[PDB]
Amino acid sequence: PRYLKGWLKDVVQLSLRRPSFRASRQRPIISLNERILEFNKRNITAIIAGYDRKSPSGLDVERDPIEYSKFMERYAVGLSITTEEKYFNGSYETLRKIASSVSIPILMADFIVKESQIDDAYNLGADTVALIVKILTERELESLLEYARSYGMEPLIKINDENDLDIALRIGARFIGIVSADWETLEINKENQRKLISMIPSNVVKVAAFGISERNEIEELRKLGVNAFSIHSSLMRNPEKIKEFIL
């Protein structure tokens, strides 16, 4: 990975050490990005509903992940399941249980820095993963992008500034997440958002991520060309808001 400091470095060191999970996938790949395109064509608001047991910024929601997913399965274009253990209280076994329980696309939300974690996602039933430009060298990015593609996954490339975007297009990303967060503190930061989204090629499926809590935010972003919306925290705290977000 790249030179890093603080909590982000720590989670990356953790992820480098993550042992591989023994499992055989009993479910086909259900393309998240293609299902986003079908929602777009059918005029249905595409929400990617996230499950986080905890977050490093102090989210702590006990909430059964199976019932949460089956509920979200009715309204969501896809699920985003965080499997990172230390800061998010996630697990591989939670993802496996949910993957057996739902027939919509699942993105494994973790800090991917090695091929083994892509084997894991695949073997556990995930349909895709995200790759973070801030933590990966462009050579690691290129390598992991091809590795995921060889499994039939189109990964979401997560960017949060103009340099990240330049790298994502260089590697030929077709599935981009615009993260409106400061990586150091995980405070919402929507300064770059509207200008980053305006730079993205129209043939790339764009996902807005982080700090989305209102339908107005979603509506404004749909007019700016955003294809889908990743929402974690607001939905963990109030699962019924999914019925508002798709209005």
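Residue numbers run from 1 along the displayed sequence.
Between the stretches 174-182 and 215-223, it is 215-223 that shows the larger average CA temperature factor. Annotation for 24-32 versus 44-52: the higher mean temperature factor (C-alpha) is found in 24-32. Each of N123, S80, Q117, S100 has a CA temperature factor in the record; the biggest one is found at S100. Remark: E73 belongs to the middle third of its chain, ranked by C-alpha B-factor as recorded.
Compared with the other modelled residues of the chain, the Cα B-factor recorded for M153 ranks in the highest third. Per the deposited record, the Cα B-factor of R237 falls in the middle third when ranked against the other modelled residues of its chain. The deposited CA B-factor of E67 belongs to the middle third of values across its chain. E138: CA B factor lies in the highest third for its chain, per the PDB record.
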